[PDB]
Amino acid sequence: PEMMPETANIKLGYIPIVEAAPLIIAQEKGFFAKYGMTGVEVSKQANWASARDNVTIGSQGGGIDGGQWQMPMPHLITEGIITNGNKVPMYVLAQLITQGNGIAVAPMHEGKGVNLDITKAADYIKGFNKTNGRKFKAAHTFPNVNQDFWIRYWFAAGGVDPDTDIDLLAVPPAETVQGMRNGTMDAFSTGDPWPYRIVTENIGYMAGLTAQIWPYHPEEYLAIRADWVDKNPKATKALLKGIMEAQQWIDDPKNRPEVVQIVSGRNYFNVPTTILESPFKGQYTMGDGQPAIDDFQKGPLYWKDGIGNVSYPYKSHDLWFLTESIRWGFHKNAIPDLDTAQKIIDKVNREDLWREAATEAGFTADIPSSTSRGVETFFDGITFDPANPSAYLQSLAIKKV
C-alpha cells in the first residue's frame, strides 16, 4: 500500500540515443514492473522540439508526462523560456547517463589539427569562408542544451568563437550527417550510435568524445512534470527505483550485449547492433591519425563513474548548465544572473526524491553525501567550482558576459 504507486501508468519520452538506455531497459527488463509501474510507455520522440512540445501538453493531451532530456530543458520548460511563456513546472529526478557523446568532423578537415584541442587550427576554422567559400558549419540537436554546450565549449577552448567565427545551427541528426557526406557540414555535436557510423562509413572522424572534454560530465536526465510527480509521489519513486536498478544492470559488462541487443531492436533504436557493440565496450575509432579509444571508462556509464554516482542529480551540475547558459548570453532576460539560476535550480532539481528512492530501494551505500560533486575540471584546464560560478565565467576566454 505504502509503496503502491498511485497509478501504474506514465508516458515517458525518449530519443533514440544511448542516453535512453535506462528507460528502455527499466521497461523491457521488468524493473519498472518490479516496483508496480506496469503501465510505463517509453515513447520515442521525433526530435527534441517534439519532446518539448509533448511534455508541455502532457499525457492527458496526448503527449508525455516526462522522459529523457538534455539539460537544462526541464528548467527552461518550467520557466516557459522555450515554450513561448507556457510555464510547465518539471522536476529533474535523475541523471540517466554520462558520456556516450562526441563531436564528429568532416574528412576535409583531417591533418588540420581539428582534434580535441583545436588551438592550432583556430585560424584555419576562423578563415574558412575566405579559404573555402563558407563559414565553418557545425550542428547540434537543439539549441542551448547539452550538445550545443559541448560543441561550443570545444570550439571556444581552442580560440574559436562559436557565435561569431562559425555557423552553429540546430540541424536534424540525419540531415547533418548527409551534410557532412555532401561536403557542406564541417562538424556536429553528436553521440552514440551516431559516431560509429560516421567513422566506419568514412563520413568523417571523431575530433573528440565528451568523455575527453569533461570526463564523467553530467549528460541527459529523467525529468517529469511537477504536477504529475506531486500527484503521484509513490509512483515517482517507483519509477526512480526501476531506473536505478536498470542503470546498475546496464553497467555490468555481462549484461551489455543484451542491453545493446534490446536498445538496437526494431521497436527502439532500430539499428544494427554492430554499431553500438563497440561504444558499450568503450571502444571508439577516432580517426584523423589519432589513436583509437579502448577504455570502458570512456564509454557511456549509467550508474557509477570515476568520480561518483552517475544517476544522482547533483545540483552543482544543474548549476553548470545554467552558468554555461549565462556564459553564452542565453535567455538574457529570463536568467539574467546566477542567483536567478540557483532559484530555478532549487525549484526544478529534486535530488531529494532520488535520495529517498535510493534509500527505500536499498542503495544507501551509493547515495552521494552532497548535492555538489565539487570542483569540475575540463580538458583545457578550466575548472568550475560550484561555490563560485562567477570565477568560472571570468576564467573563460570566449564568452558573452
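Numbers for residues come from their place in the sequence shown, where the first is 1.
Look at the C-alpha B-factors of 357 to 365 and of 40 to 48. On average they run higher in 357 to 365. When 198 to 206 is weighed against 279 to 287, 198 to 206 comes out higher, by mean CA B-factor as recorded in the entry. Within the listed group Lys347, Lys29, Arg373, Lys332, the record reports its top CA B-factor for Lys332. Comparing the listed residues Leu169, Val229, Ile326, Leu96, the entry records the largest Cα B-factor for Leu169. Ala397: CA B factor in the middle third of modelled residues in this chain (values from the PDB entry).
Ranked against the other modelled residues of its chain, the C-alpha B-factor of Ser264 as given in the entry falls in the middle third. In the PDB entry, a CA B factor belonging to the lowest third of its chain's modelled residues is recorded for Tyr221. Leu319 sits in the lowest third of its chain by CA B factor, as recorded in the PDB entry. Among the modelled residues of its chain, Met108 has a C-alpha B-factor that falls in the highest third according to the deposited record.
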